[PDB]
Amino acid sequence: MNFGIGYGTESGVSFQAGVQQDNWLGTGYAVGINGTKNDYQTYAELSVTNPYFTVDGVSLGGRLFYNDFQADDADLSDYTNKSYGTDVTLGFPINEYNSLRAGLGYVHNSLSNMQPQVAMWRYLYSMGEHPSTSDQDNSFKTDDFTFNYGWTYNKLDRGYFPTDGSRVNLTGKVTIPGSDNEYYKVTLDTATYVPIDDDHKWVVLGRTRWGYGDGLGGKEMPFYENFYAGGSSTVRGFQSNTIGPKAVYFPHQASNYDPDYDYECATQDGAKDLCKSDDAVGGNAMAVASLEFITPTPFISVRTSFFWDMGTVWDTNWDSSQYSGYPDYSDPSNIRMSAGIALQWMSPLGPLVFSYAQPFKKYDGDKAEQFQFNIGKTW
């Protein structure tokens, strides 16, 4: 057994619990069973990895998983995704700094409890489903097969508090024939550390993250695969996932009751017409960047930095023309920005990270959150 418990502004309190024998039972294979609990998510998996499936070091890995996601608790417009699936992946260690992955996946998604909103229904209609707008009672089920690939470059001088070098991670996916959805997603992550002194105590860190995905044959990318921005790990000073399009709600009713006094963003109690909102729904395109300046810590294993984060998320399929009475969510030029201080501490109780930041470029509906932190401990 091994454990992990954590607390932070992003995800509330996290519980990890699993067993993973690194050699099993002396076969060379590594097998593991693993579970997670979040404010918004409960994940479980059995994994199996033959790390010397070839003598060069070509690994062969398998994963079987279940995931339960509640979008409301992630500060998103409301839906539930109960999914499960499998992956089998080849890994190629081309050298000490680069590895390659290629794999096949299967995933079952089943959506329920979707609050009717424009972006979500536009996807639904593109799949030939015609649900009503009066209902938050709805269900949509899909099964997909994917081809998955990836490259990771890593020449960081150190793991935890790097001082020099860079890391790059490209991850891509596309549906293969036989799937209900037809789409591709690509993601690019970048981190590069540049020291400006000999003792390597002053370091400039530059980060970027890019994501683009879209439908292939008249279909749209499912919203449950959208990108998000704004929180501790992306652009600080903003509440988790607030950056980008906001749900535009249909006039509505209630799922099994309809009392007061809380919620109901487009309640029939007072409804006529479409409701603008501050619920984030994510996007199929994304760009975040960061430049930060790492300094010795006054006055005392622990790292402090001054940072400038910035980001955007948009909806390339948002019909600007038909929804001209609402904000242009297809517009990529709404770059949000922030500035702040961060302190990290690999402490005896476990890793500690804290930050204080000021959103100085903001847009209507963006929820600010200037103090963000994360605490953790593992058994």
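Residues carry their position along the shown sequence, with the first being 1.
Asks: Does the entry skip any residues of the deposited sequence between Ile300 and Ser301, and if so, is it 1 to 3, 4 to 9, or 10 or more, or none at all?
Replies: Per the deposited record, the segment joining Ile300 and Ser301 lacks coordinates for 4 to 9 residues.
Asks: Mean C-alpha B-factor higher for 272-280, or for 88-96?
Replies: It is 272-280 that shows the higher mean C-alpha B-factor.
Asks: If you average the Cα B factors in the entry, which is higher, 206-214 or 159-167?
Replies: Per the deposited B-factors, the answer is 159-167.
Asks: For the CA B factor values reported in this entry, which option in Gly231, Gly150, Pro131, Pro177 has the top one?
Replies: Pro131 has the highest C-alpha B-factor of those listed.
Asks: Say you rank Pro259, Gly105, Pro222, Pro245 by Cα B-factor from the PDB entry; which sits at the top?
Replies: Of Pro259, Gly105, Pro222, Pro245, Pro259 has the highest C-alpha B-factor.
Asks: Looking at the temperature factor on the CA atom of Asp197, which third of the chain's modelled residues does it land in?
Replies: Highest third.
Asks: Quick check on the deposited entry: does the C-alpha B-factor of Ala30 sit in the lowest, middle or highest third of its chain?
Replies: Ranked within chain, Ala30 CA B lands in the middle tercile.
Asks: Tell me, lowest, middle or highest third: where does the Cα B factor of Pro296 rank within its chain?
Replies: Highest third - that is where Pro296 ends up once the chain's C-alpha B-factors are sorted.
Asks: State the tercile, meaning the lowest, middle or highest third, of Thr316 with respect to the CA B-factors recorded for its chain.
Replies: Within its chain, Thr316 is a lowest-third residue by C-alpha B-factor, going by the deposited values.
Asks: Rank-wise, by C-alpha B-factor, drop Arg101 into the lowest, middle or highest third of its chain.
Replies: For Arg101, whose C-alpha B-factor we compare with every modelled residue in the chain, the answer is the lowest third.
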